[PDB]
Ligand SMILES: Nc1ccc2c(c1)c(-c1ccccc1)[n+](CCCCCc1cnnn1CCNc1c3c(nc4ccccc14)CCCC3)c1cc(N)ccc21
Ligand SMILES: Nc1ccc2c(c1)c(-c1ccccc1)[n+](CCCCCc1cnnn1CCNc1c3c(nc4ccccc14)CCCC3)c1cc(N)ccc21
Ligand SMILES: *[C@@H]1O[C@H](CO)[C@@H](O)[C@H](O)[C@H]1NC(C)=O
Ligand SMILES: *[C@@H]1O[C@H](CO)[C@@H](O)[C@H](O)[C@H]1NC(C)=O
Ligand SMILES: *[C@@H]1O[C@H](CO)[C@@H](O)[C@H](O)[C@H]1NC(C)=O
């Protein structure tokens with residue numbers, strides 16, 4: 001110390017850090033990357049709840065992103081930006097419990113609202129180090145303090161033998177909770193306001209945010225929440241204790257650890273990380289899409305009951321939530337698992353391929369339930385039209401997994417005292433490499449919220465730059481006040497809260513805010529009210 | 001005498017009456033006997049042909065109306081009383097009426113045979129709405145309408161017995177069709193061009209003549225207005241007809257089929273009418289006690305089996321519905337409904353209504369109906385719930401059976417033309433909420449707005465004339481389009497692919513596609529699976 005930039009030296013509970021001065025389009029930002037928030041969850045600590053990071057000596061170098069949690073790397077389309085933008089961009093390691101902080105440069109004078117990002121990737125993948133999660137634009141343009149953490153995914157984060165002490169499950173959610181506790185204790189050192197913390201996430205990250213709303217020890221660590229294209233309720237975000245036990249026992253057998261829980265988990269702990277990753281997909285009970293093997297478990301601890309029970313009986317009076325979906329939630333999910341679909345052709349499918357797709361897309365559905373889906377989604381005026389069947393297949397997967405769980409969440413939260421704001425993101429990035437038929441796929445609003453179009457080198461349009469700026473203002477005004485609307489602006493139309501009566505939501509596209517009523521009201525009544533009765537009475 | 005009013009039919013001489021229609025005279029031959037009176041020992045028995053007569057038979061007045069239940073729900077109310085018997089009630093009722101141009105046609109003229117509705121428990125060919133004088137005068141048509149036995153008298157069956165075989169009301173209709181073949185040439189009608197047309201139970205009757213081979217040689221074309229042979233109310237199984245006939249016998253104190261039917265034959269007609277409604281298996285609406293039975297004789301199989309397996313090539317069919325098929329049916333049986341208020345109902349009253357409106361439905365099937373018909377944007381809105389209740393009853397009973405019929409007929413070689421009648425008569429005394437109720441297109445097809453004394457608008461007179469042209473163009477050629485009108489829009493045939501139908505209102509023909517395609521997929525494809533697997 002002495003010749004360094006005095007504005008990049010900060011102390012936290014565990015010791016001294018040295019950050020880096022990053023260039024954002026409009027000026028510098030301070031970034032503290034790869035801060036350890038936990039003891040590496042390696043060896044005997046595998047499958048175990050995280051432990052806080054013991055203090056270190058000297059100045060920890062926080063200028064680069066740290067290891068990405070051990071996960072399956074997507075090699076389906078080599079060289080393809082469409083798939084590779086989501087791939088790990090740092091070394092894979094079980095030693096991965098690190099977080100990143102972006103703040104204005106110089107650090108804020110007065111306490112600043114904090115935004116905490118929780119990434120998606122079906123609870124089997126993802127990293128806080130990805131380019132689309134770059135906090136520099138929100139920090140520079142909006143003066144925000146942005147935090148993102150790495151949390152354990154796959155078997156490492158969610159393999160559970162419920163009731164055991166060695167593998168209790170939900171440890172990836174505990175890693176997220178420990179980063180939330182780290183923020184409470186240390187964010188003031190960066191100029192962050194611990195009394196104004198907004199959680200935001202997409203897909204499995206939004207489901208994670210939802211589970212922090214539904215778990216009491218997490219409630220004291222944040223004040224507001226954003227759930228983008230994901231919810232704690234729904235068919236993929238959780239599993240029962242029985243199903244988690246079945247999947248963990250099957251994976252153990254597949255890697256030569258046959259079953260006492262102590263003996264089984266000890267053997268799993270001896271397995272190389274790649275062995276567990278090589279078999280993680282082999283434990284799913286059916287041929288399915290939008291289903292992940294190791295996800296949060298209804299343990300009766302982190303989740304005292306199913307998210308459906310918790311959202312229906314909870315008092316959400318003290319909560320402000322921003323929720324929404326993209327135009328084509330299911331389109332991407334069709335390219336791996338449904339025969340007839342490809343990113344390289346127009347995916348015009350037959351009726352037979354549609355019926356078959358419905359079985360893969362709704363794996364838990366009986367023959368009667370699958371017929372009810374088919375009959376509801378068929379255009380009886382053009383029942384064999386390949387374009388309609390292709391679009392219906394995308395809608396089945398999007399509605400079942402995202403849109404209707406989101407409508408169910410917004411509805412219950414609003415009925416139970418929360419301030420809810422809902423949107424539909426309909427803008428397709430001019431730079432998108434997925435086919436046009438895929439529309440606005442799952443995750444393609446993220447680069448807009450984070451302000452990536454503000455970087456001139458990324459080649460987005462001027463209109464896309466103005467729209468990203470509008471979006472950053474909605475998200476940060478929501479983080480600041482619990483309302484996305486700017487108080488010093490009446491010209492711009494307003495975003496009304498979502499209510500059970502009016503069911504108002506807004507369209508997020510290049511045009512000004514447009515207020516719409518009912519988020520697939522008829523279709524989601526099918527999924528949320530009828531279909532459970534068909535998967536119950538018969 | 002007037003030679004234009006003197007006709008010799010196979011049974012003897014008749015004398016008609018010259019009637020005044022707005023545009024000029026018409027010849028009417030009313031109350032022609034086509035069968036031996038089905039009285040005494042002939043009660044419940046198939047009709048027998050009328051024996052010949054001496055002298056000139058007086059055919060100047062309508063004859064007796066078949067014994068039936070008279071509607072007294074709203075006394076003095078035109079809305080209900082227009083459908084009530086307008087002649088004396090008698091079991092001696094097997095008579096038909098003929099209207100022809102005056103003077104009698106020079107060349108053989110296409111024949112239109114009207115079969116009235118009234119849930120197979122009521123109706124008469126003598127009602128003012130069925131007046132053939134306008135079609136005869138304006139279009140030069142030969143119009144025939146017969147009385148057929150309704151209620152227990154027409155459809156009480158002890159299947160397998162010889163004394164009460166069932167479907168005798170359909171046999172009465174068939175005997176009038178045979179009478180037309182043998183005698184219509186004497187009036188200037190063409191027996192080689194006979195179109196059956198009917199509404200509600202009359203349209204279901206027309207449908208059953210399409211599905212029964214001995215009837216097929218008696219007509220060439222058919223019009224089914226707001227009714228079909230398929231569907232939940234038009235037929236009953238042999239087991240259910242036997243159950244209902246046994247229960248009715250019990251209710252009138254009647255203790256072997258021969259012995260039971262003999263006792264029923266001793267009962268005054270009113271005793272049978274007094275208990276006919278008390279044999280229905282549930283609290284229901286749009287359900288009638290004594291209707292055609294699947295006997296394995298007149299109906300060789302269920303109308304659903306027959307429509308799915310039949311060859312309908314060399315057949316032309318005109319089918320359609322009114323805008324608000326179910327609205328009227330809510331006024332009797334559904335709590336919360338009245339003709340005297342706006343009938344704004346609660347959600348509870350809607351769920352309860354769905355049970356009465358779909359009586360065969362399980363708890364799951366009723367929930368599926370409720371969830372499909374609820375507007376999840378306004379689920380408690382009384383106006384939406386009222387309109388949804390009307391749509392449930394209209395769709396279940398009429399619109400979706402019509403869509404199922406049009407589809408199967410078209411797929412199996414018939415030439416089908418479909419419509420939706422959306423014009424509400426300026427003279428309607430039913431509330432506005434009821435829209436265009438079941439049966440209120442009939443006065444337009446028959447040309448009643450052409451009578452200046454009936455106070456319809458000028459636009460309604462022009463529209464009735466358009467409708468009479470569609471119906472008679474269809475009777476003449478099997479195509480309702482005007483070969484004269486070299487200007488469109490043309491009425492396209494209904495196909496399984498394109499599903500084209502037309503709107504019949506004051507505006508020019510408008511071609512639409514899919515007759516409640518999504519909703520009728522629910523009723524015709526999904527709901528049977530919910531009452532089959534569970
Ligand atoms: N060897 C083997 C054995 C069996 C199976 C598989 C591989 C794979 C596989 C194939 C290619 C790449 C990755 C996994 N999948 C397909 C899994 C499909 C899930 C895709 C998904 C769901 N959430 N994140 N991802 C992948 C991460 N990438 C994305 C992410 C997001 N959006 C995206 C939009 C387009 C393209 C990728 C996106 C938003 C959230 C961040 C992650 C399976 C699916 C099933 N159901 C069963 C077995 C396998
Ligand atoms: N005493 C007693 C005991 C139990 C029950 C009943 C009476 C009555 C009843 C009440 C008034 C008049 C006749 C019957 N109904 C209601 C049945 C009403 C059937 C409605 C119907 C169906 N087809 N014809 N009609 C009556 C005739 N009138 C009409 C007709 C048509 N359209 C109409 C439009 C508006 C009003 C009346 C119309 C077109 C075809 C001609 C007949 C019951 C209904 C049920 N489901 C169960 C028991 C009874
Ligand atoms: C698209 O490509 C896939 C894989 O090659 C194939 O299954 C599908 O039939 C193709 N569809 C079209 C429309 O060419
Ligand atoms: C931007 O466009 C230029 C062409 O002018 C191209 O060379 C560069 O690779 C593009 N970069 C991105 C990120 O699209
Ligand atoms: C309509 O009137 C009947 C009785 O005449 C009643 O049961 C019903 O509640 C009334 N509805 C309204 C909207 O007042």
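Residue numbering: from 1, along the chain as shown.
Each residue, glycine too, has its Cβ placed from N, Cα and C.
Now, the feature entries from Swiss-Prot:
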ACT_SITE  B:200  active site, acyl-ester intermediate
ACT_SITE  B:325  active site, charge relay system
ACT_SITE  B:438  active site, charge relay system
DISULFID  B:66-B:93  disulfide bond
DISULFID  B:254-B:263  disulfide bond
DISULFID  B:400-B:520  disulfide bond
CARBOHYD  B:256  N-linked glycosylation site
CARBOHYD  B:341  N-linked glycosylation site
CARBOHYD  B:455  N-linked glycosylation site
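The structure, with features from Swiss-Prot marked on it.
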residue	record	Cβ neighbours (10 Å)
B:66	disulfide bond	29
B:93	disulfide bond	29
B:200	active site, acyl-ester intermediate	27
B:254	disulfide bond	19
B:256	N-linked glycosylation site	9
B:325	active site, charge relay system	27
B:341	N-linked glycosylation site	10
B:400	disulfide bond	25
B:455	N-linked glycosylation site	10
B:520	disulfide bond	21
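It is 19 Å from the Cα atom of residue B:341 (N-linked glycosylation site) to that of residue B:438 (active site, charge relay system). The recorded positions close to residue B:200 (active site, acyl-ester intermediate), defined as a CA atom within 10 A of its CA, are B:438 out of B:93, B:256, B:263, B:400, B:438, B:455. The recorded positions B:263, B:438 differ in how many other CB atoms lie within 10 Å of their CB, and the one with the most is B:438. A break of 6 residues separates residue B:255 from residue B:256 in the model, and their Cα atoms lie 9 Å apart.
In this structure, residue B:455 (N-linked glycosylation site) belongs to neither helix nor strand by DSSP; it is coil.
A straight line from the CA of residue B:438 (active site, charge relay system) to the CA of residue B:263 (disulfide bond) spans 37 Å. You'll find the Cα of residue B:325 (active site, charge relay system) roughly 42 Å from the Cα of residue B:256 (N-linked glycosylation site). Secondary structure from DSSP puts residue B:400 (disulfide bond) in a helix.
Each residue contributes its Cα atom, and for residue B:455 (N-linked glycosylation site) and residue B:263 (disulfide bond) those atoms are 50 Å apart.
Residue B:93 (disulfide bond) and residue B:400 (disulfide bond) have their C-alpha atoms 34 Å apart, to the nearest angstrom. Rounded to the nearest whole angstrom, the C-alpha distance between residue B:520 (disulfide bond) and residue B:256 (N-linked glycosylation site) is 43. Annotation note: residue B:66 (disulfide bond) sits in a strand segment as assigned by DSSP. A straight line from the CA of residue B:66 (disulfide bond) to the CA of residue B:256 (N-linked glycosylation site) spans 28 Å. The 6 Å Cβ screen around ligand 2 retains B:200, B:438 from the active-site residues B:200, B:325, B:438, ordered by sequence position.
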